[PDB]
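S.K.: Could you work out the structure for the sequence below:
(2 chains)
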Amino acid sequence: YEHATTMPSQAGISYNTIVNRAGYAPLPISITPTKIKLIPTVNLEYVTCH
Amino acid sequence: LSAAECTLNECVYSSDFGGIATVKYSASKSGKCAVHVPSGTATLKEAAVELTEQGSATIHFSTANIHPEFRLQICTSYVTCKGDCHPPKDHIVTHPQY
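M.R.: Numbering: from 1, shown residues only, chains lettered A, B, ... in the order given. See below for the structure:
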């Protein structure tokens, strides 16, 4: 079943919604982002030290 | 049957009996009552239904009208029952159109 939803990109807050069709009973659907990660594509150019 | 009331709880018109209607009755005696719809708007899946003394009975029907208002015929008298149905969920059913 096609369903489109958007939620704020914050961790620690559980998002509650229901996927509901007129025919069937509405279905609870719960999403809670425990952790959100942002990985840059790094490139090691050179190494420096004393 | 006396003091008969029909209440269409929830209906979904489709090929099959996607509509379910609940009828509240006050039967004079315990037993079965033959049930039919004189109009062609919907067809009852059950020819007859057992009635308690003053309980309520449920029927399953198939229709194609979004706002069906049909006067179904019971063992003794008529009752008009109107409601709003809903479109079917699945696009294609492997059943011939009732």
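S.K.: only C-alpha atoms for contact and neighbour calcs from this point on.
M.R.: Noted.
S.K.: residues contacting the residue most central in space within chain A?
M.R.: Central residue of chain A (C-alpha atoms, centre = their mean): residue A:33, 5.5 Å from the mean position. With contact taken as C-alpha atoms under 8 Å, 6 or more residues apart in numbering or on different chains, residue A:33 is in contact with A:10-14.
S.K.: Repeat the analysis, applying 10 Å as the threshold.
M.R.: Residue A:33 sits next to A:7-15 when contact means C-alpha atoms under 10 Å, 6 or more residues apart in numbering or on different chains.
S.K.: Can you flag the buried ones in those?
M.R.: Among those, not one counts as buried by 16 or more other C-alpha atoms under 10 Å in any protein chain shown.
S.K.: Please tabulate those residues in TSV, including the columns distance to residue B:38.
M.R.: Conversion of these to TSV gives the following (distance: C-alpha to C-alpha, whole Å):
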residue	distance to residue B:38
A:7	52
A:8	55
A:9	58
A:10	60
A:11	60
A:12	60
A:13	56
A:14	53
A:15	50
